[PDB]
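Report on the structure
Read off the chains here:
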Amino acid sequence: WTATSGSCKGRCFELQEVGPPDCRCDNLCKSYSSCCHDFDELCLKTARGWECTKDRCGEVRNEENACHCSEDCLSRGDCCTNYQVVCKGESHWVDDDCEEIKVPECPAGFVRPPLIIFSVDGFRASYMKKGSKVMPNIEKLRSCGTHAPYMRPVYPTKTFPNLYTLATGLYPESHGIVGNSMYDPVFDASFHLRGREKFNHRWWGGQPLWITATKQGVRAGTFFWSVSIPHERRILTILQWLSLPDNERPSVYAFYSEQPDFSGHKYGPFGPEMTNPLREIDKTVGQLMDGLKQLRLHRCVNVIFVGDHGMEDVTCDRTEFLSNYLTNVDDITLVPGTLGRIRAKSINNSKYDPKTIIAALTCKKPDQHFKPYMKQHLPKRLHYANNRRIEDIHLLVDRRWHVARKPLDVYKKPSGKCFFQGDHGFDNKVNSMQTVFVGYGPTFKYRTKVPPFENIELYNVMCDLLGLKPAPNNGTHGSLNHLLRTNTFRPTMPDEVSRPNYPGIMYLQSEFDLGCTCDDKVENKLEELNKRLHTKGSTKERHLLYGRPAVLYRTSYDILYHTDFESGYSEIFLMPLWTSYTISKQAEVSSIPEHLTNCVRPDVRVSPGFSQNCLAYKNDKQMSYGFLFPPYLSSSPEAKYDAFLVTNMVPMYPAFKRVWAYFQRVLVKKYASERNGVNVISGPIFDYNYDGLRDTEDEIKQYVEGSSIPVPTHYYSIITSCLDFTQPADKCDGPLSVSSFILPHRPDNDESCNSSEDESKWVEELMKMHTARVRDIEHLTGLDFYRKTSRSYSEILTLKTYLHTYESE
Ligand SMILES: *[C@@H]1O[C@H](CO)[C@@H](O[C@@H]2O[C@H](CO)[C@@H](O[C@@H]3O[C@H](CO[C@H]4O[C@H](CO)[C@@H](O)[C@H](O[C@H]5O[C@H](CO)[C@@H](O)[C@H](O)[C@@H]5O[C@H]5O[C@H](CO)[C@@H](O)[C@H](O)[C@@H]5O)[C@@H]4O)[C@@H](O)[C@H](O[C@H]4O[C@H](CO)[C@@H](O)[C@H](O)[C@@H]4O[C@H]4O[C@H](CO)[C@@H](O)[C@H](O)[C@@H]4O)[C@@H]3O)[C@H](O)[C@H]2NC(C)=O)[C@H](O)[C@H]1NC(C)=O
Ligand SMILES: COc1cc(Nc2nc3ccccc3n3cnnc23)cc(OC)c1
Ligand SMILES: [Ca+2]
Ligand SMILES: [Ca+2]
Ligand code: NA
Ligand code: NA
Ligand SMILES: [Zn+2]
């Protein structure tokens, strides 16, 4: 109940929210059906429109008008935004030459430059170039300020997950808004775009920027606008708030536009109907900038122009139907569209089985346009599993497609034809899903292009712009320092927690009873000292190029040196946490010699009690083994024996060994050829609770049969070279270049529909799907890489957030 017979007189767009049953006058009151009776009359004036004209100049104030052109309007803070242009001979902001903003130029009483976030729903990254001729104001912000060629959204590339990621710095799995539609089994409650459940605070986790600001004494505008409030009135409202006295005036503001998304769904991303929405958004930016200029704030305010996601061509004819795959289609609930989420229709149905649903959905039709996954098997870069609101069964839908349960879901009578031509929600690496970032103002750089980055990083920067301490989030604070003129965040590297042991030769061959064998008894004062030097680390500068990784948790591990590679060997997990090696452009690939095919050699530096054993693998009929440093890339026949050390062995399903052997035998050399040498760090990952974070020992769900050898959920590699590929990886003077992956360690290759073919036809495609940031691997391993370079730490942080996407231009 709302007692709507209170009044909005002197309260229009009030900042403090009033509790029911008192009536509201704020920018969201319409959405709750709670505005006071006179809110339209007083707060939503429209008389005479939004622009001054020649004959209104100096008019007698008329309080009915939408905006004013009277002499007093500047002191009232309510002139039409073009007032000074029409009436006082001023230029529009867009027509002024751009001039560097070296220092904030703010009116007296301003404690900090205000921040305005201008959010555009569905604004695809390529609109910045493709629409630049019809967007002069946006083009001036872009060219004069700091811009990225695109900004990567989070998955799923839907509105609420992305807007809330922008506001919190959190992945959707952590902030809880995991789709535009959700079911929470604990609450037993459903969240939808339409309706009232979405306003309940229990859906919304983390700490969004407006709350962070308010807790730390920085006042915030109310960020959200009821859809029927016209854009011109949103802008006027912001400009009016900026005229409040110092003690009452917010420092952070948000504008939101439902366009170009609204038209993009109807017309497709590049429909000819899309030009008009882009022109209208540009005109709104112009209104805001003209308004700031009138207030003498256009060289004071930092403006962020940012989108939530892009838009792809999707039509209802490109829909896959689960009714063509599943017998039991009425026993499932599907969240449909550009992603699929499946769960049981009834929790009372004990005949429901996820295994049989996955199998019925796996590689069934030659050109199938979706792929099913248990959520823990989704690419780790999506960070889309650790939330009870994410159903166990997920469908990744190809770009340009939909999935639905049955045909009747997609049509309506009489004709059955559908309407829409655009949609979004697909994999956040998809080019059509990318969106925009421009920052303009005193705190941003002048005429500066920055590389693409992820929207999870922006919360930290917005906090920096406002002098706030960010709440704990998934950005990497400092990774976007290069966007900023000042207010940089200068982090220090994390302290190492565990120091390594450096074991020497401590065990005789006969102390080992591991059940391994090797044909290695091939029996020189010259060369003996040489092998001893290798074991003490004489080649370590070649193979460990950026320092040893730091171990950021408590554990016992050993550094092991060899001719061709260095490793950090965990006595707890019985295998390396990391193995590091450099392959120059000139390196040659060799075979595993016949006499060494099944060779595994005790490591006399490591106790039998802290070693794997071969008997366990013999007895585990499902599990085989591979090596982290690959024997194919040994520097000589003699160094090759080091590769068969039991301390270089890791458990691998035979299906996985197909993938790994091809990576090691073919792809590493290919990358060294193309990149002029590579440095490779490889290792295991254990994430059995799919939280994106390193498992402790007591979280491990699977061991090699009969043993304490834990089975990795994933294997990673980090592949580093010189950004200037005219320098070899091992003699690089400047910035680095990286690509990495986190490959799921699966007992089958059911994910790759073409796996019965030669690895040259499917393995690299798999690895691209599982591309990763170094930071992703850091979270999953508790290691900290690139500790010793010649590069600045913020530059390294940017490198650690890089994702190599394998998407064309
Ligand atoms: C991305 O960045 C984020 C933010 O930094 C990282 O997330 C953090 O990760 C931490 C580790 O997973 C986690 O720390 C835990 O906090 C628990 C208290 O949590 C509440 O309080 C915080 C602080 O205000 C709040 O933010 C939380 O919010 C979550 O939950 C609410 C309500 O459900 C949601 O609205 C919200 O969306 C958010 O949900 C997300 O996180 C939770 C986990 O907290 C998930 O379950 C959800 O799926 C979703 O992803 C909470 O309201 C605290 O209880 C934990 O301590 C337990 O574990 C330790 C181990 O050290 C143990 O020693 C303790 O005894 C305790 O165990 C007891 O409970 C166990 C489980 O019930 C039980 O098994 C034991 O036997 C014990 O009884 C823990 O410290 C932190 O909460 C989140 N923060 C957020 C915002 O998500 C995230 O990791 C980053 N991601 C990557 C990939 O890097
Ligand atoms: C959800 O979390 C955030 C929301 C917004 N804003 C808005 N999101 C909308 C989403 C759908 C429909 C209308 C919407 N709207 C209208 N007026 N403002 C908004 C901004 C956020 O950060 C700057 C974070
Ligand atoms: Ca959107
Ligand atoms: Ca984990
Ligand atoms: Na075996
Ligand atoms: Na297959
Ligand atoms: Zn949309």
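Per the deposited record, the coordinates in this entry were obtained by X-ray crystallography to a resolution of 1.6100 Å.

Quick notes on the state of the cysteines
On inspection of all chains with the given rule, the structure shows 15 disulfides. A sulfur-sulfur distance of 2.0 Å marks the disulfide that ties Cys73 to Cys79. Torsion about the S-S bond of the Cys73 and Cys79 cystine: about 95°, corresponding to right-handed handedness. A relative accessible area of 0% means that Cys73 is categorised as buried. Disulfide pairing places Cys722 opposite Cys732 at an S-S distance of 2.1 Å. One quick way to see it: the torsion about the S-S bond of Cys722 and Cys732 is about 70°, and its sign makes the bridge right-handed. Taken together, the residues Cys722 in strand β26 (residues 714-722) and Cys732 in the loop between β26 and β27 (736-744) connect sequence positions 10 residues apart. Looking at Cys722, the relative accessible area reads 3%, which means it is buried. With no disulfide partner, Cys463 has as its closest neighbouring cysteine sulfur the one in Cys300, 19 Å distant.

Structural notes on the coordination of the zinc ion (ligand 7)
Distances from the zinc ion (ligand 7) to its protein donors, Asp261 (OD), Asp261 (OD), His265 (NE2) and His424 (NE2), fall at 1.9 to 2.7 Å. Here the zinc ion (ligand 7) binds four donor atoms, and the angle range of 52 to 151° at the metal identifies the geometry as irregular. Binding-site remark: the zinc ion (ligand 7) is held by donors from one chain whose sequence spacing is D-x3-H-x158-H. Exposure remark for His265: the relative accessible area of 23% places this residue in the partly exposed category.

Re the coordination of the calcium ion (ligand 4)
Distances from the calcium ion (ligand 4) to its protein donors, namely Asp687 (OD), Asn689 (OD1), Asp691 (OD), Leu693 (O) and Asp695 (OD), fall within the range 2.3 to 2.4 Å. When the donor residues of the calcium ion (ligand 4) are listed from N- to C-terminus, their spacing reads D-x1-N-x1-D-x1-L-x1-D. On the basis of relative accessible area, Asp687 is assigned to the buried category, the value being 4%. According to the relative accessible area criterion, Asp691 is partly exposed, its value standing at 22%.

So, the UniProt feature "binding site: Zn(2+) 2" in the chain
Within this structure's numbering, the places UniProt gives as "binding site: Zn(2+) 2" are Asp261, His265 and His424. Considering the C-alpha atoms alone, the annotated residues occupy 164 residues of sequence yet fold into one spot, their largest mutual distance being 9.4 Å. Examined against the element boundaries, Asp261 turns out to sit in helix α10 (residues 261-267). Apart from the residues lying within four places of it in its own chain, the contact partners of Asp261 are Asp121, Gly122, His309, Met311 and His424. The buried category is assigned to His424, whose relative accessible area is 3%.

Overview of the sheet that holds strand β16 (residues 437-440)
Strand order across the open sheet formed by six strands is β6-β1-β7-β16-β2-β17, with mixed pairing between neighbours. A strand with exactly one partner marks an edge of an open sheet, and here the two such strands are β6 (252-260) and β17 (448-449). Bridge count between strand β2 (residues 146-147) and β17: two bridges; the pairing is parallel. Note on β17: the bridge partner recorded for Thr146 is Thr448. Of the strands in this sheet, β2, β7 (302-307) and β16 are in contact with helix α5 (residues 136-144), which crosses β16 at around 75°.

Brief notes about the sheet that holds strand β21 (residues 566-570)
The antiparallel open sheet is built from seven strands, whose spatial order is β20-β21-β22-β25-β26-β27-β28. A strand with exactly one partner marks an edge of an open sheet, and here the two such strands are β20 (557-561) and β28 (771-772). Examined bridge by bridge, β21 and strand β22 (residues 575-583) share five bridges and lie antiparallel to one another. Its bridge partner lying in β22, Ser570 is registered against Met575. Against the sheet, helix α18 (residues 654-675) contacts β22, β25 (678-685), β26 and β27, and its axis sits at roughly 5° relative to β26. Here helix α20 (residues 774-781) sits on the sheet and contacts β25, β26, β27 and β28; the angle it forms with β27, its principal contact strand, is near 50°.

Here's the deal with the packing of aromatic side chains
Summed over the entire model, instances satisfying the criterion amount to 40 aromatic pairs. Ring plane angle 70° and centroid distance 5.3 Å describe the contact between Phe437 and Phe453, whose orientation is recorded as edge-to-face. In this pair, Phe437 sits in strand β16 while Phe453 sits in strand β18 (residues 453-454), placing the two residues 16 residues apart along the sequence. Accessibility expressed as a relative area gives 0% for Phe437, which makes it buried. Aromatic rings pair up to connect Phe160, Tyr164, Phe187, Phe191, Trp203, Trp204, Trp210, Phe223 and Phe224 into one cluster. Across from the ring centre of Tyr32, 4.3 Å away, lies the NZ or CZ of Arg24, which sits over that ring. The cationic tip of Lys365 hangs over the ring face of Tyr325; the distance from NZ or CZ to the ring centre is 4.0 Å.

Structural notes on the environment of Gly131
By the element assignment, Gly131 lies in the loop between α4 (127-130) and α5. In this structure the C-alpha to C-alpha distance between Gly131 and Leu278, which are 147 residues apart in sequence, comes to 7.3 Å. With residues near it in sequence (within four places) discarded, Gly131 still touches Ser126 and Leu278.

What about the nonpolar core?
Formed by 58 residues in total, the largest nonpolar core has its most connected members in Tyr581, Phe656, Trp660, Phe663, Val668, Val678 and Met767. At nine residues, the largest contribution of residues to this core is made by α18. Look past the residues within four positions of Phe663 in its chain and what remains in contact with it is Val668, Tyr671, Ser717, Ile719, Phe741 and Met767.

Each value, and the rule that gives it
Residues numbered from 1 in each chain as written, not as in the entry; some residues may be left out. Chains lettered and ligands numbered in written order. Heavy atoms only, no water. Residues with missing side-chain atoms left out of burial classes, pairs and counts. Disulfide = S-S within 2.5 Å. Buried < 20%, exposed > 50% of the residue type's maximum accessible area, 1.4 Å probe, protein only. Helix = DSSP H or I, 4+ residues; strand = E, 2+ residues; numbered from the N terminus. Donors = N, O, S within 2.8 Å, 3.2 Å for Na, K, Ca; no water. Tetrahedral: all angles 85-135°; square planar, octahedral: opposite > 155°, others 65-115°. UniProt positions renumbered as here; feature names shortened; annotations may be inferred. Contact = heavy atoms within 4.5 Å. Pairing = 2+ DSSP bridges. Axes fitted to C-alpha atoms, helices over the stretch in contact; angles between N-to-C directions. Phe/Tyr/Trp six-rings, centres within 6.5 Å; stacked < 30°, edge-to-face > 60°. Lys NZ or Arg CZ within 6 Å of the ring centre and 35° of its normal. Core = buried A, V, L, I, M, F, W, Y, C linked by side-chain atoms within 4.5 Å.

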